[PDB]
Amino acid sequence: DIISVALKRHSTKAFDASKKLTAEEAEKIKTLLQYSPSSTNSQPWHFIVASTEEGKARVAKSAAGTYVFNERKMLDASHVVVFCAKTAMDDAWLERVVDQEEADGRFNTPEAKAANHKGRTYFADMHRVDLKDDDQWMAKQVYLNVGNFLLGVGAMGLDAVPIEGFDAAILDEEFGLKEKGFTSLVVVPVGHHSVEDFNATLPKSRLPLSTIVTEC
């Protein structure tokens, strides 16, 4: 039951460094990243999936200063995913999306492709020109991807912890993201929690429905 998953998944505070994702699970988490939906299927993202010791250590460099409390999570987890957003929406990328959809057979007629291109252009330009906030818009799509991912790995029986407690400037420089047109937003270590994960047994806590929901 997916609801049981939602009620039982938790942010792992300590991973068992000896437990690695199986080959199949490693392939599956990549599929989750890839198939998340996004506005106009813009997929304005890039992911760094670190599973080697050096790779994880490089990501862990971002857990400096007061963020050191997140260092071990990055080092001990099996796979560490760095969620990145594009820094600017370029036409090349927009054409890429529609050309891929065409290649995937989503358009039965040329008019179907044109309507899809027109729609994407509308939203892309609204953010790139009218509101000048495509950076924020794309980052929001990335966070949506994170939400999809956390529940997905949870449903797979895998543990993880979403992390905002890291220095993105440091992480960006470490992987030369800026030059590639990306910037890091969330780091998500994935693996299996150890018995020393105090958060594995604490009850989950959320404000009451009477406060967060309005029915009409």
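In this text, residue numbers run from 1 along the sequence as written. Note that the rigid core is defined as the largest set of C-alphas that superpose within 1.5 Å between two forms.
Superpose by the rigid core: which stretch, 32-40 or 62-70, shows more Cα shift in 5 other deposited structures of this protein? Between the two stretches, 62-70 moves farther in 5 other deposited structures of this protein.
Comparing C-alpha positions in 5 other deposited structures of this protein against this form, with the rigid core used for the fit, which stretch differs more, 81-89 or 115-123? Farther from the shown form on average in 5 other deposited structures of this protein: 115-123.
Quick check: 56-64 versus 148-156, which has the larger average CA B-factor in the record? Stretch with the higher mean C-alpha B-factor: 56-64.
Of 177-185 and 37-45, which one has the bigger average CA B-factor? Result of the comparison: 177-185.
C-alpha B-factor winner, where the candidates are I163, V190, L32, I170: In the PDB entry, the greatest C-alpha B-factor among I163, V190, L32, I170 is found at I170.
Among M126, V97, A139, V81, where is the Cα temperature factor highest, going by the PDB entry? That would be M126, according to the entry.
Using only modelled residues of the chain, where does the Cα B factor of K19 rank: lowest third, middle third or highest third? Answer is highest: the recorded C-alpha B-factor places it there.
Against its chain's modelled residues, does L7's Cα B factor rank lowest, middle or highest third? Middle third by C-alpha B-factor.
Of the three thirds of its chain by CA temperature factor, lowest, middle or highest, which one includes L75? Middle third - that is where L75 ends up once the chain's C-alpha B-factors are sorted.
What third of its chain, lowest, middle or highest, does the C-alpha temperature factor of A114 fall into? Within its chain, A114 is a middle-third residue by C-alpha B-factor, going by the deposited values.
Going by the recorded CA B-factors, say which third of the chain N199 sits in, lowest, middle or highest. Middle third by C-alpha B-factor.
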